[PDB]
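Engineer: following this: a sequence and the matching experimental structure.
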Amino acid sequence: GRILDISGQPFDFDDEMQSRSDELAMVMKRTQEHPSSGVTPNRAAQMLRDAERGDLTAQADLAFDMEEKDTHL
Amino acid sequence: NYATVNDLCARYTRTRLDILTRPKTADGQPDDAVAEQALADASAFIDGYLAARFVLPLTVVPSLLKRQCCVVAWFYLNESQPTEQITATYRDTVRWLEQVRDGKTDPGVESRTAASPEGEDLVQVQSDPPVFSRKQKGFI
């Protein structure tokens, strides 16, 4: 029952989805920022540096806006 | 009228005002309605020279306009035979009113609270509703 992963660390496998854990109900439901409204290169650099440091939220929203906005892209 | 007869008889000596007025009345005795009528005509003159860029029932009266009404009333009251100085000062105040109408000089304010009289929009432009302006934070 103690299934080992690829890295050889035993653990217990659970059928419950991690999001549906009754503890992350208010952090899995986020209304998107849409940061690509009035972007200035300074602010784009700021969000890129924030993503580099570890906070990937702004970068992901910016990428989503770039995907849906720029038709050639 | 902008100025009352009690101010015209103070800036200009009352005795000379009576001398100027007593012939014009019907009876021949010093009268006050002649001076008020002259002040009303001078105020009409100034009103015509100011209505170019002001709402004419002035919300606040510029404090110099009392002087500018007294001088024009005095000139209007010396129409038979005026002094050279009266004519020169009347020409000066006509020049000032022309400058005010053109826009070279503002009339002034009320000396009590330093408020300038309002007026209609001298310049007014209309365009189609703005689209693709920088205020449209969408897109970008």
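Structural biologist: Arrived safely, thanks for sending. Residues are numbered from 1 along each chain as shown, chains lettered A, B, ... in the order given.

Engineer: can you give me the helices in the chain?
Structural biologist: By default, I'm working from chain A. For chain A, the helices identified by DSSP state H occupy A:41-53, A:57-69, in order along the chain.

Engineer: ah, no, chain B please
Structural biologist: Counting by DSSP H, residue ranges of the helices within chain B are B:5-11, B:14-21, B:33-50, B:65-76, B:84-102.

Engineer: who wins for proximity to residue A:42 among those?
Structural biologist: Closest of those to residue A:42 is helix B:84-102, at 48.1 Å (criterion: C-beta to C-beta). The C-beta positions use only the backbone N, C-alpha and C, and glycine is treated the same way.

Engineer: OK, contacts around the residue nearest the centre of chain B?
Structural biologist: Centroid-nearest residue in chain B: residue B:46, 3.5 Å away (criterion: C-alpha atoms, centre = their mean). Listed by C-beta atoms under 8 Å, 6 or more residues apart in numbering or on different chains, the contact partners of residue B:46 are B:2, B:65, B:68-69, B:72, B:97.

Engineer: now tabulate those residues in CSV and tack on distance to residue B:108.
Structural biologist: Compiled in CSV, these are given as follows (distance: C-beta to C-beta, whole Å):
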residue, distance to residue B:108
B:2, 13
B:65, 8
B:68, 10
B:69, 13
B:72, 16
B:97, 13
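
Engineer: possible to save those as CSV with neighbour count and distance to chain A?
Structural biologist: Formatted as CSV, the entries for the contacts of residue B:46 read as follows, by neighbours: other C-beta atoms under 10 Å in any protein chain shown; distance: C-beta to the nearest C-beta, whole Å:
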residue, neighbour count, distance to chain A
B:2, 21, 54
B:65, 22, 50
B:68, 26, 53
B:69, 28, 56
B:72, 26, 58
B:97, 20, 51
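
Engineer: looking at the helices of chain A, which is buried most?
Structural biologist: With neighbours defined as mean count of other C-beta atoms under 10 Å in any protein chain shown, the helices of chain A peak in mean count at helix A:57-69, which reaches a mean of 15.

Engineer: now for it, which elements pack on it?
Structural biologist: Packed against helix A:57-69, as judged by 3 or more C-beta pairs under 8 Å, 6 or more residues apart in numbering or on different chains; DSSP states H and E, are the following elements: helix A:41-53.
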